[PDB]
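Each remark here refers to the structure printed beneath this line.
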Amino acid sequence: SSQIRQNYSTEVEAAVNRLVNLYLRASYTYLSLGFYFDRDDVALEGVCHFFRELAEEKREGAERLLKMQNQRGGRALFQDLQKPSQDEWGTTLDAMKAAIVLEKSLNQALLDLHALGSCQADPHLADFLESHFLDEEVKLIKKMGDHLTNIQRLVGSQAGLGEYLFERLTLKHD
Amino acid sequence: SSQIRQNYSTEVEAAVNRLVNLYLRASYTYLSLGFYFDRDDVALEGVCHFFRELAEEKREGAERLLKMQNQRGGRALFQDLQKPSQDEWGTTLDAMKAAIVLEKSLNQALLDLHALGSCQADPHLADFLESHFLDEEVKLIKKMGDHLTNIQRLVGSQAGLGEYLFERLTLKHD
Amino acid sequence: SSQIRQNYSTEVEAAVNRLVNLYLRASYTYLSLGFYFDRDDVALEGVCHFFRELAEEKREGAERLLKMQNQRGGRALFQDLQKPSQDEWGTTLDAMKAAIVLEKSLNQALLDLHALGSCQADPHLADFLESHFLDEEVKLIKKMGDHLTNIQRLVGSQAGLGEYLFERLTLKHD
Amino acid sequence: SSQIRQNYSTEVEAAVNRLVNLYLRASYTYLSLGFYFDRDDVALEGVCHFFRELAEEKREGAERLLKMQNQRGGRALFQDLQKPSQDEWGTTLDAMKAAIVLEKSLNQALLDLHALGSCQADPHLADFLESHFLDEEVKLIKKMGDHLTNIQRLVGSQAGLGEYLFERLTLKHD
Amino acid sequence: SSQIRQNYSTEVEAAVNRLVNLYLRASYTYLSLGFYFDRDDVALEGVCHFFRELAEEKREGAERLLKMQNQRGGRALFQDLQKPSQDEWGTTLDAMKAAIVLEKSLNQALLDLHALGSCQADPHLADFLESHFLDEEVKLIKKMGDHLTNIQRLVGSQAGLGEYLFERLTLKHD
Ligand SMILES: *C1=CC(=O)N(CCNC(=O)c2cccc(O)c2O)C1=O
Ligand SMILES: *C1=CC(=O)N(CCNC(=O)c2cccc(O)c2O)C1=O
Ligand SMILES: *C1=CC(=O)N(CCNC(=O)c2cccc(O)c2O)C1=O
Ligand SMILES: *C1=CC(=O)N(CCNC(=O)c2cccc(O)c2O)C1=O
Ligand SMILES: *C1=CC(=O)N(CCNC(=O)c2cccc(O)c2O)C1=O
Ligand SMILES: [Fe+3]
């Protein structure tokens, strides 16, 4: 247990368990966003697929953190997963704004954990976040910003038409 | 005849012949919907193809019911096929609303026959409808509802443009 | 919304949202079981892999239920996901007993929802559970019972040796 | 010489030559561990192969450090390689405990050199250790801890039987 | 040097070095146009790709001119590359108008150098420009004019919608 643990502070161990909770909460928020856009009275398949893929990416991030907790000899502790902030998510524009708010809060949590790791002279934690999380988040936040600008340009004065065209011509669908 | 019939009531036999008539009427309604959208003054190929494929699916449902009538020892009886309710079907939105009304009436007829079969303790009929009809209808009704929501969002204030874009970007065409 | 909903009671809609919560809670319990057996001071890879695969199967069950909620016109509502019942799971025998208790509680919830669906004459719900859930649960519960009997026969008077051999020779590992 | 050297302190250059010595000493310790388990009166092939592969991994680490010394313009200096701490290594459990002590001392030396590099604002050294050494050591230390727990569970009251089974069923052999 | 130079005037040699500067300035202007359309608050990928490909075509033109300078025995001389005329490029319509102004100025410089070469009875220079530059520029200017007409027809009264559709349906993108 303590049989392998070396240079791994209790502060980092607890912040990693909190980061796992935040990634699994973000995966749950994306599950709810994906099934909202699969409602027959919303019916934007490309938007459903975009959020369901992010639910899987965030679960994968949590699982990588949990593998790392165990590689360093810390102990995974799970807490309840709070339900998402909304039950209905509005338009694609509202949803994409909520998603970029969620990603910036995950990014800030990564940055905060990097700072704590660097303060405690834990370079394996710092490099783990730099290699597997920080650029994934910057790439994702840039894609969401590019989508938000396109959705915004499409609203104009024909909001239904623009929402359809963005789903059909930007987002991946069957 | 009576050489194979077992646990198959006269009530179920007659309701199956009525259900065959309803499926063949729905296939005829879809034949008329498909050729209306092939008119040179309507000219929405994807909508024509969507309804012509449903005419074939409903004929196939009728043929499965007729095969089942004979597997159970009942006797297929055919009645006249009433012509469709309309000679011209309006816009894609009008047509898709008429199609979901038609499917909900077929679905209710399936549900009614399931109830009659379960009341008469005929589990082969009940499982036949559950395996081959009830989820096909729920899947189709959900696809029609998703289309209706998309067509509705596209009308807005440029109805021609929206009808074209839905046909070009949602429905399958050459 | 109500544009497609037919023969789908508010009672079934709410029980489906509760069943989704139970499946996602069982997936979370299995995530915790999988990472406990990946601890360096537990270190039973085959047991970790057995529970991590069940975490994915239970998430998949929840996602099938949510797809069905939307196919029938109900509205997915999510609640908090309660953390698992334990933070540490003991031996493989303790873990496998907790898993069969969890599966029998999911099974009973399926049976209860089947009864509610049959009472409300909702054969699409009943057949959905029969086709995609009831035999999966009976197969899984039988595999867990076969494992429990093997783990029990292996304890005898050399419990460490038996736990190792079961992991190495029954469970799938690298 | 000084023709390419830039931002590379004498302190880092000497600590890299000491780290090369520690990696080549650890490779020699593993050569001795591998041939001890190939003795006809020890005869645990999987344990021999596990340590002989680590002798090659540690030589490879030393060679990467030496390539880096030259890429940065420092000068490789070699010292004597002290013989291993033991001539006979006891049981697999004793050997695996000595190996995890050796790896934690190499890991601490990596961490110490990272700190010196970060203090002297040498990010190429810091990233070199983070990319090629720190996670390799954390992965290896976690595998050794998982093995130690399995070997410990196998001793119980039949130590010979457990040592055989671990070699046969965990470690790679012909 | 003068070892190979034949029929190659100092006037042509200096005008070729000025033409290289103009092509490398046009490549830099296109680099800036490409990265402007990759901004998250502009986000038109097809427009970014169209200008980044032109940055490479103009660098290639400069490199062909420089190879020719050396084949004829002249001496390449480089001057500073003036930064582009704008830091932000407005809409796709503004950008495409600036691009056709830039191409007509490169074309006029080609025509001027052709005239100087023909006046000095330098047919290898004249044929070099005719074979590798004059029709490339006429093809490119015609494609830009076709794009400008399409972008103009799309503005109408819904400028955002038209800018999106042109990028999605004319320009090449992922
Ligand atoms: C409080 C702990 C501490 O030392 N301090 C600085 C940690 N360093 C960084 O945050 C940092 C960020 C990016 C790259 C680096 O190399 C780096 O050291 C605190 O926050
Ligand atoms: C009148 C006949 C009868 O018994 N009664 C109930 C038939 N049962 C169902 O309709 C039903 C629906 C869905 C699943 C079941 O298992 C089921 O028994 C009548 O309608
Ligand atoms: C209360 C509602 C009701 O009618 N009742 C019976 C529902 N039927 C079943 O539970 C059942 C179970 C298995 C197969 C069947 O066909 C079936 O009808 C209630 O629980
Ligand atoms: C003495 C030199 C110095 O500045 N100090 C800190 C060096 N920083 C770290 O050790 C460190 C560890 C992990 C990630 C970082 O970004 C980081 O700066 C000393 O030890
Ligand atoms: C001043 C030099 C000169 O003679 N004069 C004419 C050069 N000729 C052309 O410009 C020309 C253009 C296109 C085809 C030709 O064959 C051609 O000679 C000057 O400009
Ligand atoms: Fe640092």
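Just tell me how shielded C:36-48 is by partners: mean number of partner chain Cβ atoms within 10 Å of each residue's Cβ, no decimals.
Shielding by partners across C:36-48 averages 6.
Please compute, for peptide D:149-156, the average count of beta-carbon atoms on other protein chains lying within 10 Å of each residue's beta-carbon.
Mean number of neighbouring Cβ atoms from other chains: 6.
Can you tell me the FRET efficiency between B:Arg39 and B:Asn70 if r is taken as the Cβ-Cβ distance and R0 is 41 Å, rounded to the nearest 0.05?
0.60
For the range E:16-31 and the range C:91-131, what is the centre-to-centre distance using only Cα atoms, to the nearest Å?
So the separation of the two Cα centres works out to 72 Å.
Could you work out, residue by residue across C:160-167, how many beta carbons of other chains sit within 10 Å of that residue's beta carbon, and then give the average as an integer?
That works out to 5 on average.
Relative to the longest principal axis of the C-alpha atoms of chain C, give the angle of the C-alpha long axis of helix C:135-155, reported between 0 and 90° and rounded to the nearest 10°.
So the helix axis and the longest Cα principal axis differ by about 20 degrees.
Is the shape of chain E rounded, prolate or oblate, going by the alpha carbon gyration tensor and its root eigenvalues a ≥ b ≥ c, with a/c under 1.5 for rounded and a/b larger than b/c for prolate?
prolate
Express the relative contact order of the range B:57-174 as a whole percentage, based on alpha carbon pairs under 8 Å and six or more residues apart in sequence.
22 percent
If you line up the long axis of helix C:10-37 against the longest principal axis of chain C, both from Cα atoms, how many degrees apart are they, to the nearest 10?
Helix C:10-37 sits roughly 20 degrees off the main axis of chain C.
Calculated from DSSP H runs of 4 or more alone, at -39500 (n - 2.57) each and per residue, what is the 222 nm mean residue ellipticity of chain A, nearest 500?
Roughly -24500 deg cm²/dmol at 222 nm, from the helical runs in chain A.
Rounded, prolate or oblate: which fits the protein assembly as shown when a ≥ b ≥ c are the square roots of the eigenvalues of the alpha-carbon gyration tensor, with rounded for a/c under 1.5 and prolate only if a/b beats b/c?
oblate
Using the 10 angstrom Cβ neighbour count as an exposure proxy, how do A:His114, A:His173, A:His124 rank, fewest first?
Ordered from fewest to most neighbouring Cβ atoms within 10 Å, A:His114, A:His173, A:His124 come out as A:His173, A:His114, A:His124.
Calculate how steeply helix B:45-72 sits against the longest principal axis of the alpha-carbon atoms of chain B, using the helix alpha-carbon long axis, and give the answer as 0 to 90 degrees to the nearest 10.
The two axes meet at around 0 degrees.
Pairs to check: D:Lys97/D:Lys143; E:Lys58/E:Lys139; C:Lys97/D:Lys172; D:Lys83/D:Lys172; A:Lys67/D:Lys142. Give those whose C-alpha atoms are more than 20 Å from each other in this structure.
Result: C:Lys97/D:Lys172; D:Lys83/D:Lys172 exceed 20 Å.
Report the gain in length on full extension from E:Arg5 to E:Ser118: 0.36 nm times residue separation, minus Cα-Cα distance, nm rounded to one decimal.
38.9 nm
FYI the Cβ positions are ideal-geometry reconstructions off the backbone, even for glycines, and counts take in every protein chain you see. Since every read-out is calculated from the coordinates, none of them should be taken as a lab result.
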